[PDB]
Structures are given as C-alpha cells and as structure tokens.
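Below: one structure, written as structure tokens.
We count ligands from 1, going down the list as the structure has it; atoms in each ligand are counted the same way. Because only heavy atoms are used, hydrogens play no part in the values below, and waters and symmetry mates are left out as well, while side chains stay in. Residue numbers start from 1 in every chain, and the chains themselves are labelled A, B, ... in the order their sequence lines are given, proteins ahead of strands.
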Amino acid sequence: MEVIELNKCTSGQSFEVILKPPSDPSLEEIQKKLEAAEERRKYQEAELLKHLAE
Amino acid sequence: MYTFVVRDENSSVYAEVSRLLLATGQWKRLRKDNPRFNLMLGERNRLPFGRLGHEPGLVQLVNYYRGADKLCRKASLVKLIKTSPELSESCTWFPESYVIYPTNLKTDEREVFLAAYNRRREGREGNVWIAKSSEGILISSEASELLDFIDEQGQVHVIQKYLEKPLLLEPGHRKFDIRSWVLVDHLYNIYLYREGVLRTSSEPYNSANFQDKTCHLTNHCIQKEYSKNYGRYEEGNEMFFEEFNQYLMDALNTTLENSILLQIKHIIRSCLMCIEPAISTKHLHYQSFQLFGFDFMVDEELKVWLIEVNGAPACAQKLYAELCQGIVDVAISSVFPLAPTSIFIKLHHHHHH
Amino acid sequence: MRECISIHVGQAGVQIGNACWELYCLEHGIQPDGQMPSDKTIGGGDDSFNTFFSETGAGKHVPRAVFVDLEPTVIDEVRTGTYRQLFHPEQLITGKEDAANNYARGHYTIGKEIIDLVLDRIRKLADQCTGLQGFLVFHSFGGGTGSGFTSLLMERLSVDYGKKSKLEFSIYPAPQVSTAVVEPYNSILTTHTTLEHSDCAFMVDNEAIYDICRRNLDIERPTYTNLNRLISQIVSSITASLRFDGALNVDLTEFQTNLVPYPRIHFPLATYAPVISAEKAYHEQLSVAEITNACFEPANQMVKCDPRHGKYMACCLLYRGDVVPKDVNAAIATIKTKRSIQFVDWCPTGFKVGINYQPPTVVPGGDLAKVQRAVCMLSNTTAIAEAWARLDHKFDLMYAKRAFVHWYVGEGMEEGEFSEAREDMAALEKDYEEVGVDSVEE
Amino acid sequence: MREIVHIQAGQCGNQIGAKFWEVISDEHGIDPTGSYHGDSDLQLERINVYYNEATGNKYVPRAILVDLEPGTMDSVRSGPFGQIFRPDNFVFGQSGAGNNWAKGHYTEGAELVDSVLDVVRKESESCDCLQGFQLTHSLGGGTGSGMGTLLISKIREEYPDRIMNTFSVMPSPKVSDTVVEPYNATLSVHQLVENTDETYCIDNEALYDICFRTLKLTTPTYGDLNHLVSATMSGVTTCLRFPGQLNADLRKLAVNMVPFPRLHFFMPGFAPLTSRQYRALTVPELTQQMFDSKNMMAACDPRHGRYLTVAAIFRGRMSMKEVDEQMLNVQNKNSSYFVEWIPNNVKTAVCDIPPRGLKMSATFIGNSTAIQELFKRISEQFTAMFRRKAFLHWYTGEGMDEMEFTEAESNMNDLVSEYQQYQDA
Ligand SMILES: Nc1nc2c(ncn2[C@@H]2O[C@H](COP(=O)(O)OP(=O)(O)OP(=O)(O)O)[C@@H](O)[C@H]2O)c(=O)[nH]1
Ligand SMILES: Nc1ncnc2c1ncn2[C@@H]1O[C@H](COP(=O)(O)OP(=O)(O)CP(=O)(O)O)[C@@H](O)[C@H]1O
Ligand SMILES: Nc1nc2c(ncn2[C@@H]2O[C@H](COP(=O)(O)OP(=O)(O)O)[C@@H](O)[C@H]2O)c(=O)[nH]1
Ligand SMILES: [Ca+2]
Ligand SMILES: [Ca+2]
Ligand SMILES: [Ca+2]
Ligand SMILES: [Cl-]
Ligand SMILES: [Mg+2]
Ligand SMILES: [Mg+2]
Ligand SMILES: [Mg+2]
Ligand SMILES: [Mg+2]
Ligand SMILES: [Mg+2]
C-alpha cells in the first residue's frame, strides 16, 4: 500500500494510494440540420393549410 | 393483495411455489412483463437485476442472488476456492481441481495440473482424474486422453481428482452422491432442508473399466436409461435419509448426523459465508433469496467432499410439496406476510477466538 | 488561474444553479450584494475563487455564469430574489414559451431562434477571461429545454471553443418527481447528440436523492428545494478543487485525466456521506472510517446501482473537514478486506485523494446538519450502466408502439433520429459490458 | 404560454360556459363587477391565463359568447356574473340553427362566423403569449355543434401552431331535445378528431345518472347537470389556473395525455360527488372515488378498456405523502388496466386551494380506450336512422349530400377501431 505525490498546503492536502499495480460537425452542418427541420415544419404546415383551403 | 411474475416456465420448484401462492388467495399473478410486481420468479439467464428496486410503493423481491453463479459454475467454483483466503488452497473438503481451456481458446492451469499429475506418476498413487464442463465426461489415469478430450470440445473444462475409494452401499457394492437443498433468504439466513436424497448407482462399482460410466456416474438420467437395474434396490435410484441413517447405524454403527451431516453443514456454511459480502442484498434497493442444490460425495473413511453447487435445482418428486411450502414460508411470506417444527435447520455458528 | 463558465439550462439547471451559487457565496464569504470583505485585492485578482467569480472596481464578485430558460417564470425568481444583485441582467436569458417537454421543440424549433443570442452572451463572459478552461453545464435529461436546447448548445460550444473542456451535471428522470411521460425519449435523444461533446458528466438520479432525503433527512415528501440543497452540496464537493488551493483536479482537463480513460464511458458515479438531519436532536459525529465506508453503500450513491457487479476504472475521494491522510489510508486498508472492489485489469487498484480542511458549509435554516467531516467519492464504475438499461427499456416499450412520436416529428424531427439515438445507447451499453464483465433443472 | 382564449357557443355552450366563469371567478376572488376581493395571492398569480386586466384593476374574462339566436345570451347577461363579460364579446345572430348541424356549419353559421373571428383576433392580439383556445359547446344541437366546429376549423387555419381544447357535451336519448342529435354529434366528432388537441367528453347520459342515482335528484334539470359540469371544468383547469409543476399549460398537458394524434378524447371524473355535506373526506376516499366509474362524466366502463394516460388533480390541504401513497396503491392494485407500454403513465398534481364548499376534492382525467363505448353508442343511433335516410331532408335542404354523412360515419367507426387496437396491443 504505497502513498505517492503527497502535496500539502495551508488549506489541505492530496495524494494517491495504490493497493496493487495494473494486473465534430461544423457550424455549416449544424445550420443545415436546423434549416432542414424548419423546412419540414413548413411543409407540414403548408399541407395543413391546403387541406383547410379545400 | 401481493403480486408476482413468472419468467421461468421450465422450473418445477417455482411452478409449485406459484401454485401455492395462488391458493392463498392473497397473491395475484401478473403478465410476465408487467413491472408493478412484489415478487419476480426470474429467468435463469440474464435476469435483469438492474431493473429491480426502482418501483416506488413496491417492496421488490427476487428468487436469485446476483453473483451466485460464482458458486454454481464448475470453473468459477474452482477459482473461487483456490483464491479465497477463507477457503484457500488448504481446503480439505474439495477435490484437487484445475481449470483447463481448449487449445482453440488457449487464465489456464494446464501447466500446473501436470506438475501434480507427475508426483502421482512417480508417487505410484491413484492417478485417475475426471473431466467435466459446466454428457461430456471422461475418467482416466492418462492425462494425455484428458487434455486431448478437452481440446476436442469448444468450452472451458475442469480436471478434478476422481475419488477412487468411495463409500459403497451393500448390497450392490455401488456408488451414490448426496444432494442437499439449501435456502438462503433476504436476511442471509442459511436454511438446510432437513430432507436430502442419495442418488444411487444401481450397478456395482468397478475400478478397472473407467469407461463403463454407469457405475461411475450416479446421475438419475444416466441411470434411468443406460442402466439395466434402475429401481432394483430403491425407487429409484433414490434412497432417502431415514433409510440411509438406519443403514449407517446397522452396518457402520454410526448415524447420518455424526459421520456425514456435520461435514455437510460445515461445507455449506463455509461456501456461502465466503461469498456473502459480494452478493448480500442487506442494504440494497431490492432483495434476493435463492434455493441451491449442493452435491456431495462420501469416501470410505466417511469423509465428505463437495462435488458441485447447483443454482437452479429440481427437487425429488415426493419432496416438492413440503420443500416448496417451506420456500413460501421462510423466503416469501417473511417479506410479504399473509393474513412448527420447521422443515429447515438454520446454519449458524459463533465460535469465539 | 484559469476561468470556468457555468451554464444553467432549463428549470432544473436554473434552480440547481441557484442553490450552488448560494452555497459558493457562503463558502467564500461573499455577501448577497456581491461584496467580499476577506478579499483584499480590490477590483481584480487571480485567486482560486476567481475561477468562478469576476470582480468590479466597486468590489462586486460576479459569478461567471449564464442562466438560460425558454420561459421566464423560473429565471424571473433569480432576477427578483435574494441574490438578484449578484447577477448582471445580460447573464439571465429567457424566452417566452417553453419546449413543452419535447426535445425536438427545444432543439430544433425554439433552439434555432435563441441559440445565437445565448452564444453571444457566453462570448461576453469569455471575453472577460484571461485563460478560459471551459464550461460546466447544468440541465435535466427529461425537460424539453434541458434535453433539447442543451444538446444544441453543446454542439455549438465544441464549434466555437473547440479546445475547451466541457463538464455536465445532469438530472436523470425519476417518476416520483417527474413531470412528463416522454422523459425517457428526451433522455436518450439528448445523450445521443451530446455524447461526443461532453468530456465528463455527473449524472444525478432524482430517485436516489429523493430517497436519501426521505431516509436521512426524515423528509416525508421532498421538494425540489430539499433535493437541490443536497445536490448543491455534492456539486460543491466536486468543484471545490477548482475554487480552493489544492493539487488534485485543479483544472477541468484533470477530471478527464483522472476519471475517464475511455472517452465514451465518461459518467462517474458520485457517492456522498454523511447526510444528517439538522432536526436530529442528538447526533454522534462520524469518523473517517465510517464516512469512507459509507461511500461503498448503494444507499448513499447519486444513482442506485451495484458496483460489486461491475468494475472500476478510476476512483477519487474528496474529503472536507477534519481528515488527515493516515486515517484515510487506515480506513481504505480495512475497507479493501471487507468489500468487493475490483478494478479492470489494465488499471491500477488505487485511490486519488483530496482533502480540504474546511468542513462542509450548510445553508442557515436548511435540512442538513453541519458535520466535522464529509467525503464525496467519484468512481468510474461500469455498474452505472444499470441506469442506461433502465432508461433504454422504457424507451423501447413506448417506441415499439410509436407512442408520442408524432409530437417530435411535428416539430420537424425525423423518426429516424429515434432509432439512431437508440442504437448509440445500445452500443454504449455494450461497451460498458465489455469493460465490466467476464464471460460466464439440475 | 400564458393566455387562453375562451369561446362558448350555442345554448348548452353558453349555459355551461356562464357557470364555469361564475365558479372560477369565485375561486380567484373576482366579484361580478370585476373587482378582486380575495385574501390569498395564489389567486392572482396566474389570473392572466383567463382574465385581462382593465383600468381600476378590473379583471375581465378573455371570453367570447356566440349564438345564432339571442335568447340564451340575454339570459347570460342577466345572470349572476352577467356584467363581468366584455359587452363587445357578445356575438349573436337572430335566426337560430334549429338543432341542425348544416345550419350551424354551412348556412346560418357561415354568415356569422367572420364577426366571431374578428373578436377572437382582437383578444389574441393583446395576448403576450397566447397558448391556445378553449371552446364549450354541445354536439347535439346546431350552433354549438355545427358553428362551433366551423369556428374550430377557422381558428386552426389562422392559428395553426396554437392548442385547441374543447369541453364537448355528448347527446343521450335519456336527456334529449330532438331525434337528430346522433347526426349532429357524428358530424361533429369527425371535426373534433381532426381539429382539436384535447376534448373532454361530457356525456349527458352520465350527468343524468349521477344526479339520479348518486345525488338522489328525482327530476334532474339541465341546471343540475351543469352543476356537475362546472365542478369538473374548474377541476380540470386547476393546473392551468394556479402555480404548479405538472400539466401547467395546454401544450404540456397534450404531450402528457395524447400518445396518438386522434386519440385525444378524455373521460373526466370528480370527487366527491356533490349537489346544491360536512363529511370530511380522507385522501384514501378521494382516491377511490375519483377512480370510481360512478364518478366518471362519460358513460363508459373503465374496466372495459385500458388507460393510456391519466392526470389526477387533488385540491385542498392534505398530506402529499398520503396522496402519493394512495395513487401508487391504485396503480399497483389494478395494474392490468394501465397499458404497460407507456411506463409511469399516471401523473398527479396537488393544489392547496380547494373549490367552494369543500375542504378536499379530486379531479380525474383519463385517456381510456373504453371511451370507444361512447362513440359506438352514437354510431348505433346514427345508423338506425341513416340506413332509412330518416330525417335527412333537414340537412339536404341546406345543401349537404348523403356522402358527407357516409364519410363522417366511416371516420367515427375508424376511431372506434383505433381504440380497440390499443386495447389489445
Ligand atoms: N433535482 C431537480 N430536478 C428537477 C428540478 N426541476 C425539474 N426537475 C426535473 O427535471 C425534469 C423536467 O425538466 P425541466 O428542467 O423542468 O424542463 P425544462 O428544461 O425547463 O424544459 P421545458 O419546461 O420542457 O421547456 C423532471 O425530471 C423533473 O423532475 C429541480 O429543481 N431539481
Ligand atoms: N471428482 C469426482 N470424484 C468421484 N466421482 C465424481 C466426481 N465428480 C463427479 N463424480 C460423479 O459424477 C457425477 C456428477 O456429475 P456432475 O458433477 O458433472 O453433475 P452434472 O453437472 O452432470 C448434473 P447436476 O448439476 O444435477 O448434479 C456424480 O454423480 C458422481 O457420481
Ligand atoms: N349539460 C347540458 N346539456 C344541454 C344544455 N342545453 C342543451 N343541452 C344538450 O345539448 C344538445 C342540444 O344542443 P343545444 O346547445 O341546445 O343547441 P344549440 O344552441 O344549437 O347549440 C342536447 O343534447 C341537449 O341535451 C345544458 O344547459 N346543459
Ligand atoms: Ca480580488
Ligand atoms: Ca470536444
Ligand atoms: Ca340572413
Ligand atoms: Cl478554443
Ligand atoms: Mg452432481
Ligand atoms: Mg451442473
Ligand atoms: Mg421549463
Ligand atoms: Mg336547445
Ligand atoms: Mg370581415
């Protein structure tokens, strides 16, 4: 059971004890995704307004 | 009204428990995938322990201990004994065992197995060993045939000293093993069912042909088919405790309790107390109980040897009624009370030192 | 000194943030009006507490924090309440109508219209930083904003601050306090899209906190206020190393280095002790051995699961109060021989330990008694995957019938995103299993 | 998500609508003159969901009153709270609709509808963030049913991204005005299936049975029926009207209650059942009663189907712990009746302010597949007549064709089939 890297200061201390050793999309792409979702909403809304028009 | 779900249709023990719970009129059975249950009678494989104990307003209990497979797997059990300090390599009641992976798989102990196999080549000592996997058995004093047979198969096997000097029932000059049923409840009380059974061989033992495996394997399956005297001495091949006891009193001037059961109780408690910290559900968000079947051999000096532990045992036909009732009594109603002379012996021992 | 910016998203993230900053102020002796007597360098500095607070020439210490919610009622209470003076108006950002417990509405529909404003507000804070380390992001899994807007924000943060670290504090859904049937959907969706953008995420299951409150604070029916005060103690334990003098986890990068060897498996389990009721008339103070032992009790974990049936990749113990190394090491020795603690083969069996001598600060009039010593253990154990399995099962149940799916498609999300997210989770569960488990009528 | 715009149409819609406003005005401390006189500030915290503020801190219902004849709106204006409504929000014609859906939807109502949308628009424009609309009407007459569904279509066209919510009174031969009620209701249901997000099904069959069997009213009047309805309406809108976490606006409610777009017809329930008693009711009693078929306002047996989703609301001062305990108890003990493929499908709210006259109350809103019983009933009444084309001249005379009848019937039978499908899934 070995203690290592013991560091002390006024506010406390730290160390390690070992018991045993080892046995991104760009802005462009994001905007496209947000715009495609928006267009899908727009299309569904247009379909509804067409149905209501009939 | 308590609720439960059945997820192992092929279990005789729990099919009977299920029936009894219904008959109390205070237990209702849900569809196997309804999660609003008090009690899960689980499946044998990949029981989803991770989904238990997250149902507000329900105390949840399950009929298996997560981790118990350590005891109940040939290879696991060997490892557990040899590497657990409280069991140790100095364990006098477990036959010398080694774990051996096939060559197609290649940790393994083949190396160390031969080391002791030699001292028995040299030693002149009985150098017969049995090999088995968790069908698929070979008994021989030639290691070459053992290791060979293992490599022919695809899964992990274990090589274990064959007990060449077993106790033999007379008349018959015949082998047998002892099965004992043990119920461990949610509190980790250990309960030994007071009735065990001897699965007997109906053929006379013989230590010259270890390939004639009908007088060497006491399994009730291998006896009902491959054996021509199935049922001659008992029905079959099953001798119970009252009789085996009378026999021990008449033939050997001893009792079942003194010559054998003390050792059995010691072994059961030692195995289960070993794994308790790894499987106990004491402070867990769901609780567990389990029925185990321990299988023992007895040598001619009346010494007991643990063969294996079964995590999902059946019971002897005439014993289901009582055992199963006992399970709902101590494992189920204990947690979920309904609106003696126990059939169980509580295994407990507090030696001070 | 390197700055950290905190980002609170949605109701859960905002209310938790409220509670953490209250506690920080108490710990650092910062008054509600933002003044800090004990701080002698007026109008600036590079003390450790400056990691979380900036300074004005008037001596005001201002959280490096942004609050974002798609509706105003929760943040309005920050604008109006005890610490109103702490926060600059530009730091408190609200929309008009919320995400209605719908990830797709939080991510695509409303996210698109507010995301640029949020970033520009974060940039303002970043501009005040000499050496920004990165971000700490507080949100629920189950809410529409917490799930959907956060994942959008995290993607854009990787784009605008590609080298900066990103840590999460995530609230995982529990039915006892949840507000929506679809929280499992929102959880998987957000985990899927955030996964590659988060370096280390501390999941808190409301079920666990709820029960700790009932059991150990004797609260009959915990509220968010009870929950968040407890959660804020655990969050303070975790971030104390960033805010005080010390040598362990002193910057965000060190969290990954110490707790996350495999980048997808970045969800350490937090376990905290002791939790004692302030109403408890007579209380015996618990030792180093006792509170250390309690770290291996599922009952004290932030997520109920069983570490005995998994493996460890890393373990850090963070103590506050009267603790010296020798007692920690004696406690560990004893615990090692009484418990199931298995590490993966390719890691050392060991503990990194931090001690700060100041015992936990509690809120005047709160539910928590003050104690002489406490500890937070952060362990990267495969057992936390139990939580993913629970979630993935609820998801599978509903999705097989497409229940509620139309709410999401109606927001412009494609159904296909459900199965991709689910498939990512399935891979995640499998990874944990490979790291965690060995291959295993009679 | 703040303002709701309320519309009440026809005789039934306006009579139940008036009562609603009387009841919640009372809860919020608002007097007939629009002056606030309450004691608790919980009353005013979310008052703007239903009321506009005028000068003198007068509060004015965001309510629009519609009818094709003046009679019932004259009554409303003379009623208890009649002066609280905005005078310009009374929109009425002179001709009536003769219990005829075609007159409401295509002829008499088409002439009036633009003036209604004019008032709807004026109300919507002064909303900081309109969440949507609530309409009270019956399905059995002409104006509420025919013109009410016309308005819904036009509102949707002008505000397609807002929530549309109705309290719809379903006809019963037991409490009936004319024989054409099944026609008017079938034609109306078709509209609702497509153009509302949430519909509380209020079955006059059930209201009558409750008054008769439970409240011991030998001769129930519409007034007695409407007592139950206003109590239910106050109940189901509690979460919208007071501070709270769960189902606090129309969109979150729909997201919690509607797994499939067309299955948005709810069975409301109320406890305790009261009529115009000092019995303290215990949390266990409220809970048992709120789930009791006899407390349900749609005449369907909940044991004949399964609950897809449930919202429960408890009001009064009581133990949150006991509330949670009791709700869990009902689910755990009757778990077969809640579909297993929507986990945790029951949600519970509590509000400290109870309704007038009671210390404790509970309101139940269920999305049960047993609601198909209501639509089957209407479907059988419709077919009995339609197979002989009986009474159809009243409709073909307003320009409608039989085909439209065939289509509305097919669509309602389809809806029945969709409930049966999830009852067996
Ligand atoms: N611990 C804790 N959980 C919270 C709190 N507020 C909400 N939650 C949980 O978070 C989930 C709901 O998400 P919210 O944060 O309320 O939703 P939101 O991010 O505001 O998203 P929308 O309201 O849909 O726009 C549920 O699981 C709640 O139990 C809180 O203050 N503390
Ligand atoms: N090491 C050993 N020495 C002597 N006999 C042994 C032995 N190991 C096994 N046997 C014999 O082999 C039989 C056991 O087979 P085995 O241990 O593989 O059980 P099994 O897995 O085939 C069925 P079950 O799980 O129901 O007991 C016993 O009946 C016994 O007769
Ligand atoms: N509950 C209730 N039902 C009503 C009331 N008035 C009429 N009804 C029912 O509503 C239907 C008739 O529609 P009605 O509103 O009178 O006609 P409209 O003016 O053309 O909309 C019938 O089913 C009546 O039973 C009322 O005040 N309360
Ligand atoms: Ca300073
Ligand atoms: Ca990154
Ligand atoms: Ca005219
Ligand atoms: Cl960068
Ligand atoms: Mg055996
Ligand atoms: Mg076996
Ligand atoms: Mg919100
Ligand atoms: Mg009428
Ligand atoms: Mg006009």
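For B:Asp69 and B:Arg73, the salt-bridge test fails: no basic side-chain N is under 4.0 Å from an acidic carboxylate O. Salt-bridge formation is not detected for the pair C:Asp199/C:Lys166: no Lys NZ or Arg NE/NH1/NH2 atom is positioned less than 4.0 Å from an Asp or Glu carboxylate oxygen.
Counting protein heavy atoms only, atom 13 (O) of ligand 3 is closest to D:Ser138 OG, 2.9 Å. Of the protein's heavy atoms, D:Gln11 N, 2.9 Å lies nearest to atom 19 (O) of ligand 3. For atom 1 (N) of ligand 3, the closest non-hydrogen atom of the protein is D:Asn204 OD1, 3.0 Å.
Taking the six-membered ring where the residue is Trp, the centroids of D:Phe382 and D:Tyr183 are separated by under 6.0 Å.
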Inset, instruction - Verify salt bridge (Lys or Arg N to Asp or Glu O under 4.0 Å) between D:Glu205 and D:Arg377, making sure each step is shown before the conclusion. - result: CA-CA 11 Å; D:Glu205 188 126 334; D:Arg377 205 185 68 195; 3.8 Å; yes
Inset, instruction - Take B:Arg44 and C:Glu441, measure what salt bridge (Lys or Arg N to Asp or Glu O under 4.0 Å) needs, and give me the verdict at the end. - result: CA-CA 10 Å; B:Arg44 274 144 175 138; C:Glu441 290 275 292; 3.3 Å; yes
Inset, instruction - Using the salt bridge (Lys or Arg N to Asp or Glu O under 4.0 Å) rule, take B:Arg199 and B:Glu238 through it: C-alpha gap first, then chi angles, then the decisive distance, then the call. - result: CA-CA 5 Å; B:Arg199 286 87 64 89; B:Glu238 303 189 343; over 6 Å; no
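In terms of polar-atom proximity, D:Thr143 is counted as a contact of ligand 3, with an N or O under 3.5 Å from an N or O of the ligand. Polar contact with ligand 3: present for D:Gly142 (N/O pair, distance under 3.5 Å). At a 3.5 angstrom cut-off on N or O pairs, D:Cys12 counts as close to ligand 3. Considering backbone and side-chain atoms alike, D:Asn226 places an N or O below 3.5 Å from some N or O of ligand 3. Ligand 3 has an N or O atom lying under 3.5 Å from an N or O atom of D:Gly141, backbone or side chain. Below 3.5 Å of separation, one finds no N or O of D:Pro171 facing any N or O of ligand 3.
With a 4.0 Å heavy-atom cut-off, ligand 3 is reached by the side chain of D:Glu181 but not by its N, CA, C or O.
Remark: distances from the non-hydrogen atoms of D:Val175 to ligand 3 include one below 4.0 Å.
Of all atoms in ligand 3, numbered sequentially from 1 with element shown, those under 4.0 Å from a heavy atom of D:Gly10 are 19 (O), 21 (O). Per-residue contacts place D:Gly144 under 4.0 angstrom from the following atoms of ligand 3 (heavy atoms of the residue considered): 21 (O).
Around NZ of D:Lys174, the count of heavy atoms belonging to other residues, nucleotides or ligands within 6.0 Å exceeds 12.
A cation-pi geometry, defined here as NZ or CZ lying under 6.0 Å from the six-membered ring centre and within 45° of its normal, holds between D:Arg77 and D:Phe90.
With hydrogens and angles ignored, the 3.5 Å screen pairs a side-chain donor or acceptor of B:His157 with a backbone N or O of B:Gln155.
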